[PDB]
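Here the structure comes first, spelled out in structure tokens, and everything after it is commentary.
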There are 4 protein chains.
Amino acid sequence: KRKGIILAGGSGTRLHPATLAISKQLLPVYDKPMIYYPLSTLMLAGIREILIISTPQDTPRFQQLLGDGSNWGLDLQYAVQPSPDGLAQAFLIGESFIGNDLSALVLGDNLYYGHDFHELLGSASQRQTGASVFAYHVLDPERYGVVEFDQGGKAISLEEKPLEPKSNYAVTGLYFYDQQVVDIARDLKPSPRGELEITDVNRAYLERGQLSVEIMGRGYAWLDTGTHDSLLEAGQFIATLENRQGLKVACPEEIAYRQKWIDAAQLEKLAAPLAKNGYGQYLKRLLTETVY
Amino acid sequence: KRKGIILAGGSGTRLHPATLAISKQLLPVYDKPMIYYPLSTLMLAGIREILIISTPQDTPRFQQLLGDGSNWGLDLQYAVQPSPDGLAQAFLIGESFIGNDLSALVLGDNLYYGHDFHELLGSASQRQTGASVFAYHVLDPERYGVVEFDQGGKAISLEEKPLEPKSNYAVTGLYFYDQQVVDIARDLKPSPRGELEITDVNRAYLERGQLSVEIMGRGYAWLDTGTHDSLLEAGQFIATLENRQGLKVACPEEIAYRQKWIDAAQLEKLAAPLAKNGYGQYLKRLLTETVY
Amino acid sequence: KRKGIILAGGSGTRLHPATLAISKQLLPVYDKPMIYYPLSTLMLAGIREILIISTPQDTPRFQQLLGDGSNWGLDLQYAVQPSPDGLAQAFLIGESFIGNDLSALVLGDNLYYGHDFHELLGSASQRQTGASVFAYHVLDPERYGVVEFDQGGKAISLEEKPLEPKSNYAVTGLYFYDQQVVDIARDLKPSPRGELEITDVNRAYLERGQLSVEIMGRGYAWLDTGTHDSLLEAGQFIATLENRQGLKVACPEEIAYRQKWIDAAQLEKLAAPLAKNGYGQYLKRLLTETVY
Amino acid sequence: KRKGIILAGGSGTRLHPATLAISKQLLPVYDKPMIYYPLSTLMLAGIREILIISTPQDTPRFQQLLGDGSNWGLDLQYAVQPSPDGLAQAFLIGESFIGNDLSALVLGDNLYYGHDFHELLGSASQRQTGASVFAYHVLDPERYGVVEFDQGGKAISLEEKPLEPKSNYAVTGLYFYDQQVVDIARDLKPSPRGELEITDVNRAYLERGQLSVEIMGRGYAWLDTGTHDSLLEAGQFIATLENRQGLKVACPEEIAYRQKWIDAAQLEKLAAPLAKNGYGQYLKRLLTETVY
Ligand SMILES: Cc1cn([C@H]2C[C@H](O)[C@@H](COP(=O)(O)OP(=O)(O)OP(=O)(O)O)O2)c(=O)[nH]c1=O
Ligand SMILES: Cc1cn([C@H]2C[C@H](O)[C@@H](COP(=O)(O)OP(=O)(O)OP(=O)(O)O)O2)c(=O)[nH]c1=O
Ligand SMILES: Cc1cn([C@H]2C[C@H](O)[C@@H](COP(=O)(O)OP(=O)(O)OP(=O)(O)O)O2)c(=O)[nH]c1=O
Ligand SMILES: Cc1cn([C@H]2C[C@H](O)[C@@H](COP(=O)(O)OP(=O)(O)OP(=O)(O)O)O2)c(=O)[nH]c1=O
Ligand SMILES: Cc1cn([C@H]2C[C@H](O)[C@@H](COP(=O)(O)OP(=O)(O)OP(=O)(O)O)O2)c(=O)[nH]c1=O
Ligand SMILES: Cc1cn([C@H]2C[C@H](O)[C@@H](COP(=O)(O)OP(=O)(O)OP(=O)(O)O)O2)c(=O)[nH]c1=O
Ligand SMILES: Cc1cn([C@H]2C[C@H](O)[C@@H](COP(=O)(O)OP(=O)(O)OP(=O)(O)O)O2)c(=O)[nH]c1=O
Ligand SMILES: Cc1cn([C@H]2C[C@H](O)[C@@H](COP(=O)(O)OP(=O)(O)OP(=O)(O)O)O2)c(=O)[nH]c1=O
């Protein structure tokens, strides 16, 4: 039984002034609010019960957008992070939400895509012990937590935004944890940067030999909407896929309906209000087309 | 003395579900909120006193983003449009704001760009009588108010969203009016579509021989953020200009400063809070570079 | 042992006038000539011996570009298609090249991408019987060979460019064949459309119960560079992947090297002449980085 | 009467390996060969007699593409530049083509666009003395000839690819010359970079107080297809304009027709062969639509 968390706060600065207008996680990536992406990521890892964290000012807005999740077969809840003091805070704010369950954390501005993605998630959701994260080759490792491998391919060290990255593998923003995480996070101290760093959390598991690091191959897409350029590219990336396939990426209604969290009647009923536009039309069409 | 209006309402359905979390006019075009564009359009027509109209729920968010305009040497005010019942409603809603002055209306999801644009504006701002609009050759005239010319090149008729457009010239979303507009708009009746149509307003002036229709040539760009694709193209269009020139489009602080609505000290001060990101850096650089 | 064919002729009227002077398959997708893509596809299916077919005027060009393939561990050969009379003609023109081997055909303007793409290719290249093709869900099935499935998910019909597609699954431009293909192609007659249609070849296998149709899921990317727009989208799609990952797509040197068809010293030598620019620099970097 | 030159050689290494296969000036920018762009620029400056320079191997291909120009009312000629030894060589290779006339040089991978661009060209093309060039604010002045102004906005120095640019204004690749240029070019000596530099030409005119430097404002688009990314951006830029307006950029047939260098019947005849695709359809449509 795994609970999930979407960390969808932050200040947004790289994007000023676009995001003085709205939290980054409410902006669209092509055709739908950014947060739908990571939401669909948890959903495809089979997690139905999820906690959305954001700023004090934006939390109501996410609530207004997503409601309690029942319409999608989900159980959504909300909490505020008073200040963007680090990804690890997720576990402190989310302590009572998690209780004694397995958990998973995804960053609100991270967008995943690829064939068999859901089998990659599945394998991590199902380890009931230790922690799991994913390594992805990128151009600018210095912008992330970087993971170093020995010649045998084993992970041996982790560094957060190193001036001299030891490899080009970044740890992406998707993390699976067992019941140690809360206590690990309680005992962290701010880093030099002054954050409670998820990298320290991951280092703790590593130092116990309990961190599993799976490679996410060049074949998947792992984009982040951190900068005006990357936001734009992810936008074009999605549009290209959607207009070629006639299938839509990270549309929660669809995923719900394919996982059987809602039935045909429910989907029909999600469609109606949205029927005048292409999104609703797409939802309806799913009721009459078999998609492998 | 011309007052201006930005009609930034609408239900924004073609963009669902992207616009469920919020109003189209708050989304970014590349690097700044959409409404900056039209705002900078009025600003370049030399208009400093401006009414912003939006839905009741979005109104407060515009305010939050633009304040009263004093920091940019503007005088901004706000009004609500309870429902999107037609672009002509702007003149009803805006009646008291206008008083007895000349006025100008720009749609909040309209984006203009081009050499000598501001001379084009100037020439219309300065007619003190009649109305002025602009015609632009487009691919899909049927989506707009279309204007027909006789072989002499004179405008002779206007139709809104005609099934059989009589030409490929659309009237864009930028309108200049003298003091007859409020009364013209008070005597309108909803069209078959059920809107109080700016096209009817324009026809009234045309039937009196007082509508001026200038061509906005192929050289200018007139883009609309109406659909997910066009929104995306507008974003890429701006980013291309900005990254080639190192100059920014529709950055109100800059415009204010160049028009002398604020001085160097003010601009420095606007920069500070935005200094950690590129936008601030750009503002600062304007204090030490001469840009012709 | 399977032999491969890249059909890289056509007239490309859809790209006129861009292709008046030269063949579609020599224009770039972002950073490399188009034909590198499908070449890399055959290479990842483990095919090293390949026949490239083009128009009489462009074949020399391809020769000048790719040479005999030795530098990349390949064995490239060339043949002319005097007129674009159908994709099946690949099997006539290529008869003697094929001899008595298994073969594969890939269209020169098709571009694939995705995780585990190389396992999908492997499975098909190893059948030693019948034929294999791939179905991909697309927006405009009417532009391709379309395959209908029964409720059991079993392929039951195929039509080329139907006005009323029976499904949204298009057969893509990648085909694997056993030793029956040449005789099937010999007995074809021109279609109403005036072509010797691969779709008829595929139907012939289907009629004997020997056509295997695997789904290529929404997780993979299948783009076609047929139109100005799609060619442009394909270019942006590749750049996004390449600028995020720091890895390059369909770079034959790399693939050769990773398959061990050339060694480090050969790669090194392929890099030198290209060292002044990014592509060579990339080839070098591969000698000193481990990429999972 | 001014004669024009398009310098369309180079090795375009920055584009390898895409340009191993085709000169950079033959690759498409969206929907037409790159060279159509600068060709159209000279055409808009009223120049009908034009010399196209390229590498020994690509010249033939340009010939094949453009012919002698008679079909478009132009008089095209060709010459080879044995090696890319500097833009100024244009004037040595073009000496006899030039004779005793005014001349103009445009770089083959330069693309201009903007309202009143044709008036800007006209002004310069009509000076009958001295030289005229254009300064355009850009992000990376260090990659071009850079021009410095004094506080009175008067040009006072020019440097080619300076490590420490004295301003952000690049001299673009469009140059107008009186009868002094050939002699100025004959006395140049190779620069440290080993090129006969047009910047030296321009400086020679500056030292004599006869170089006119006009600003090309942020309102115009000045793009260069020098890198894979910039090529891609230019493509997306043109497509956005073309799909919004239903007009095409730099289509020589149209330009020829609008300038009356060919008549309706000729245009009709250029369209036939191209009638099956959009580009011919567009040429036809111009015979029945008035475009302001
Ligand atoms: C640091 C942090 C990030 N987040 C979220 C926001 C982002 O989606 C994601 C990563 O944020 P970042 O990528 O670290 O960037 P940021 O949102 O802090 O703003 P900036 O670009 O100015 O650096 O995690 C939180 O929710 N709380 C936090 O304390
Ligand atoms: C009609 C209308 C438009 N607008 C704004 C919204 C748009 O920016 C612009 C044009 O509106 P439209 O784009 O014509 O329609 P819309 O904005 O409701 O969007 P959609 O049709 O997809 O639902 O003017 C108002 O602010 N109030 C209005 O009554
Ligand atoms: C006429 C024409 C222009 N262009 C380009 C040239 C210019 O960069 C740009 C602008 O045309 P210009 O005539 O320079 O400017 P414009 O057409 O907007 O101005 P107006 O309508 O008031 O006369 O379009 C073409 O690409 N093809 C053409 O046929
Ligand atoms: C029909 C045909 C195609 N081809 C290649 C060309 C393409 O890469 C691919 C598909 O061709 P098409 O995509 O069918 O397009 P085309 O190249 O025939 O030209 P047009 O756009 O004007 O229709 O197959 C051949 O090599 N020989 C042929 O006879
Ligand atoms: C290896 C390699 C693959 N590709 C392509 C082939 C595929 O479409 C795609 C993905 O490679 P695949 O090997 O299909 O998938 P992957 O690399 O993610 O698999 P793995 O988990 O084992 O690491 O990238 C290249 O373009 N160049 C290459 O060198
Ligand atoms: C099923 C589904 C997938 N996705 C995303 C998740 C995946 O990253 C990506 C790929 O779909 P997957 O089902 O993960 O892979 P696939 O569908 O290609 O595999 P197959 O077709 O053979 O079953 O698409 C959605 O966005 N929405 C959906 O409804
Ligand atoms: C230097 C030179 C350029 N050209 C053309 C090519 C270009 O369009 C334009 C400018 O060339 P450049 O942009 O200076 O560079 P290049 O084209 O040689 O390519 P690269 O730098 O990547 O190797 O001038 C010539 O035709 N002859 C020349 O001698
Ligand atoms: C001055 C300025 C203009 N713009 C916009 C308005 C116009 O659409 C476009 C061009 O402005 P204009 O000043 O009209 O065009 P220009 O600068 O090319 O004219 P010139 O140099 O000959 O004086 O750029 C901004 O976006 N920000 C600004 O600060």
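Naming convention: chains lettered A, B, ... in sequence-line order (proteins, then strands); numbering from 1 in each chain. Each ligand, and each atom within it, is numbered from 1 in the order the structure gives. These values consider heavy atoms only, across backbone and side chains, with no hydrogens, waters or symmetry-generated copies.
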**Prompt:** Quick one: does atom 16 (P) of ligand 6 have a protein heavy atom under 4.0 Å from it?
**Reply:** yes
- Query: Without hydrogens or angle criteria, can the side chains of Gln259(A) and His118(A) be said to hold a donor-acceptor pair below 3.5 Å?
  - Reply: no
Notebook entry, point to check: In terms of side-chain heavy atoms, does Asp58(B) have a donor or acceptor partner in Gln25(B) at a distance below 3.5 Å?
Noted result: no
In ligand 5, the atoms that come under 4.0 Å of a heavy atom of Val249(C) are 26 (O)
Could you tell me whether [X] and [Y] have their ring centroids closer than 6.0 angstrom?
X: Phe134(C); Y: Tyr220(C); value: no
X: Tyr136(C); Y: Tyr169(C); value: no
X: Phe62(B); Y: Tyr78(B); value: no

I need the nearest protein heavy-atom contact for [atom]: residue, atom name and distance, please.
atom: atom 23 (O) of ligand 2; value: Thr13(B) N, 2.7 Å
atom: atom 20 (P) of ligand 5; value: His115(C) CE1, 4.1 Å
atom: atom 24 (O) of ligand 5; value: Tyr113(C) CE1, 3.3 Å
atom: atom 21 (O) of ligand 6; value: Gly217(C) CA, 3.2 Å
atom: atom 28 (C) of ligand 2; value: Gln81(B) OE1, 3.2 Å
atom: atom 6 (C) of ligand 2; value: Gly9(B) O, 3.1 Å
atom: atom 4 (N) of ligand 6; value: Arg218(C) NE, 4.2 Å
atom: atom 22 (O) of ligand 2; value: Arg14(B) N, 2.8 Å
atom: atom 8 (O) of ligand 2; value: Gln25(B) NE2, 2.8 Å
atom: atom 1 (C) of ligand 2; value: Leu87(B) CD2, 3.6 Å
atom: atom 9 (C) of ligand 2; value: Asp109(B) OD2, 3.6 Å

For ligand 2 and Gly108(B), I'd like to know whether there is a polar contact (N/O to N/O, distance under 3.5 Å). no
Answer yes or no: does an N/O atom from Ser11(B) fall short of 3.5 Å to an N/O atom of ligand 2?
yes
Using heavy atoms and a threshold below 4.0 Å, how should the contact between [X] and ligand 5 be classified: side chain, backbone, both, or neither?
X: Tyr292(C); answer: backbone
X: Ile215(A); answer: neither
X: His118(C); answer: both

So, regarding [X] and ligand 5 (criterion: nitrogen or oxygen to nitrogen or oxygen, under 3.5 Å), is there a contact or not?
X: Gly114(C); answer: yes
X: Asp116(C); answer: yes
X: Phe117(C); answer: yes

Item checked: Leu174(A) and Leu121(A), any side-chain heavy atoms less than 4.5 Å apart -> yes
**Q.** Non-hydrogen side-chain atoms of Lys24(B) and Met34(B) separated by less than 4.5 Å
**A.** yes
Any idea how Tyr112(C) and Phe117(C) line up, ring-wise: parallel (<30°), tilted (30 to 60°), or perpendicular (>60°)?
parallel
Rounded at 0.5 Å granularity, tell me how far [atom1] in [X] sits from [atom2] in [Y].
X: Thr172(A); Y: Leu223(A); atom1: OG1; atom2: CG; answer: 11.5 Å
X: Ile35(B); Y: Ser40(B); atom1: CD1; atom2: OG; answer: 10.5 Å
X: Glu253(C); Y: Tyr36(C); atom1: CD; atom2: OH; answer: 5.5 Å
X: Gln245(A); Y: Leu247(A); atom1: CD; atom2: CG; answer: 5.0 Å
X: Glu242(C); Y: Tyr282(C); atom1: CD; atom2: OH; answer: 7.5 Å

Close-contact set for ligand 6 against [X] heavy atoms, below 4.0 Å:
X: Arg258(A); answer: 1 (C), 29 (O)
X: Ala250(A); answer: 25 (C), 26 (O)
X: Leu44(A); answer: 6 (C)
X: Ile255(A); answer: 27 (N), 28 (C), 29 (O)

Quick look: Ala8(B) vs ligand 2, heavy-atom contacts under 4.0 Å, and the answer is backbone
Within the 4.0 Å heavy-atom cut-off, what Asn110(B) brings close to ligand 2 is neither
So the atoms of ligand 2 within less than 4.0 Å of a heavy atom of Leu7(B) turn out to be 4 (N), 5 (C), 24 (O), 25 (C), 26 (O), 27 (N)
Nearest heavy-atom approach of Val213(C) to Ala155(C) is CG2-CB, 3.6 Å
For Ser40(C), state whether at least one heavy atom is located under 4.0 Å from any atom of ligand 5.
no
From the list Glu197(B), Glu160(B), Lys161(B), side chain to side chain donor-acceptor pair (under 3.5 Å) partner of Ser191(B) resolves to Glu197(B)
Going by the 4.0 angstrom heavy-atom rule, the piece of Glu254(A) near ligand 6 is side chain
Note to self: So that I can tick it off, tell me whether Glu254(A) and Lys32(A) are bridged by a salt bridge, with the cut-off set at under 4.0 angstrom between side-chain N and carboxylate O.
What the structure shows: no
* Sub-4.0 Å heavy-atom contact, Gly12(B) with ligand 2 -> yes
As a quick check of understanding, evaluate side-chain hydrogen bond (donor to acceptor under 3.5 Å, both in side chains) for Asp263(A) and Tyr257(A), giving each step before the final call. CA-CA 6 Å; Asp263(A) 61 27; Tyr257(A) 167 77; over 6 Å; no
